[PDB]
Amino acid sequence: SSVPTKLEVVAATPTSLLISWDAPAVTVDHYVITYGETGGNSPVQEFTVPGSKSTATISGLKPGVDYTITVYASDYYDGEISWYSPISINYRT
């Protein structure tokens, strides 16, 4: 019960990750990929991705540290933007 419905690390280096997700059948306005150390207090970074892509590269990670990667998808309709339930994963570089 989230959009996108799947999320995976496809490729990995000690400092970067390639993540993919299953795009939904409906039109995504745009994605937001967020990521931060699973520790908690360590500043959560984020960037946006066009609603037409289903992949993204996250770089500049601390090697060996466990981060949490979250992908949100937006719906835009009737002059209102709104966010589906996100999908998130834990990965240790």
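The first residue of the shown sequence is 1; numbering continues from there.
As listed in the deposited structure, the average C-alpha B-factor of 3-11 and of 83-91 is greater for 3-11. With 56-64 and 26-34 compared on mean CA B-factor from the PDB entry, the stretch scoring higher is 56-64. Remark: of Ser20, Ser74, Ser16, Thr70, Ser16 shows the highest value [criterion: C-alpha B-factor in the PDB entry]. In this PDB entry, the Cα temperature factor of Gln45 sits in the middle third of its chain's modelled residues.
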